[PDB]
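So the structure is just underneath, and the comments pick up after that.
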Amino acid sequence: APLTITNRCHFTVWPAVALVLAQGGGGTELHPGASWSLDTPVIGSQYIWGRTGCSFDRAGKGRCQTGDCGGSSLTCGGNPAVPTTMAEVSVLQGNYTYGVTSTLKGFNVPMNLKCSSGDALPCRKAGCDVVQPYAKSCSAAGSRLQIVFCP
Ligand code: NA
């Protein structure tokens, strides 16, 4: 509420959110079963992807096994390492559109993008998007976006 990223894999994933035109981004560590509640901007679009096999020290430098974006400092920008599953979310004041690919940058983690007002958009193996825009629209006053890993 309003954006939620959930990890349904049996392994830890490291979600990363970066806006399309910005040098860097943010994220968290998600243990199996854990979710990340996020607040959404009035405007703009964001890339959302998961990273696996991240090992960091107390500072901490380190790299992720898949979907690594400049290590700890999530600067790329918007270009994590192949392979990685790429989810895109655009926002208008209130309205959401959500799209995903597993062809452009490969496939690492299966995804499911869904809205409480919209229809489900699955991406469970590589090649889920036949052609872009592989996206659905969501349009409510109090709607709720969900990204699931390993749905
Ligand atoms: Na990080």
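By order in the structure tokens, chains are A, B, ...; within a chain, residues start at 1; ligands start at 1, following the order shown.
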How close does each residue of chain A get to ligand 1, giving the shortest atom pair and distance in Å to one decimal for every residue with an atom at most 8 Å away, counting only C-alpha atoms and all ligand atoms, sorted by chain and residue number, as CSV?
```
residue,atom,partner,partner_atom_place_in_ligand_line,distance
A:14,CA,ligand 1,1 (Na),7.6
A:16,CA,ligand 1,1 (Na),7.7
A:26,CA,ligand 1,1 (Na),6.7
A:27,CA,ligand 1,1 (Na),5.7
A:28,CA,ligand 1,1 (Na),6.2
A:29,CA,ligand 1,1 (Na),7.7
A:71,CA,ligand 1,1 (Na),6.9
A:72,CA,ligand 1,1 (Na),4.2
A:73,CA,ligand 1,1 (Na),6.4
A:74,CA,ligand 1,1 (Na),6.5
```
### Message
Give me, as number ranges by chain, all polymer residues having an atom no more than 8 Å from segment 99-115 of chain A, counting only C-alpha atoms and skipping those fewer than 6 positions away in the same chain.
### Response
A: 50, 66-67, 81-89, 121-129, 133-136, 138, 143-151
### Task
Based on DSSP run over this structure's backbone, return all residues of segment 11-151 of chain A in strand (DSSP E), as a ChimeraX atom specification.
/A:13-19,26-27,35-38,44-52,55-56,62-63,86-91,96-101,111-115,121-123,135-138,145-149
#### Entry: Nearest to residue 49 of chain A, chosen from A:32, A:15, A:25, A:65, with only C-alpha atoms counted in the distances
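With only C-alpha atoms as the atom set, the closest residue is A:15.
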### Task
Using only C-alpha atoms, find the one residue out of A:80, A:142, A:94, A:2 that sits nearest to residue 39 of chain A.
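Closest to residue 39 of chain A, using only C-alpha atoms: A:2.
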### Task
Quick one: everything within 9 Å of residue 93 of chain A, counting only C-alpha atoms, minus sequence neighbours fewer than 2 positions away in the same chain. Send it as a ChimeraX atom specification.
/A:41-43,91,95-96
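In this model, the gap between atom CA of residue 44 of chain A and atom CA of residue 69 of chain A comes to 20.5 Å.
Our summary of the geometry notes that atom CA of residue 40 of chain A is positioned 6.5 Å from atom CA of residue 3 of chain A.
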### Message
Taking only C-alpha atoms into account, name the residue in A:22, A:76, A:132, A:17 that is nearest to residue 48 of chain A.
### Response
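Between A:22, A:76, A:132, A:17, the residue approaching residue 48 of chain A most closely is A:17.
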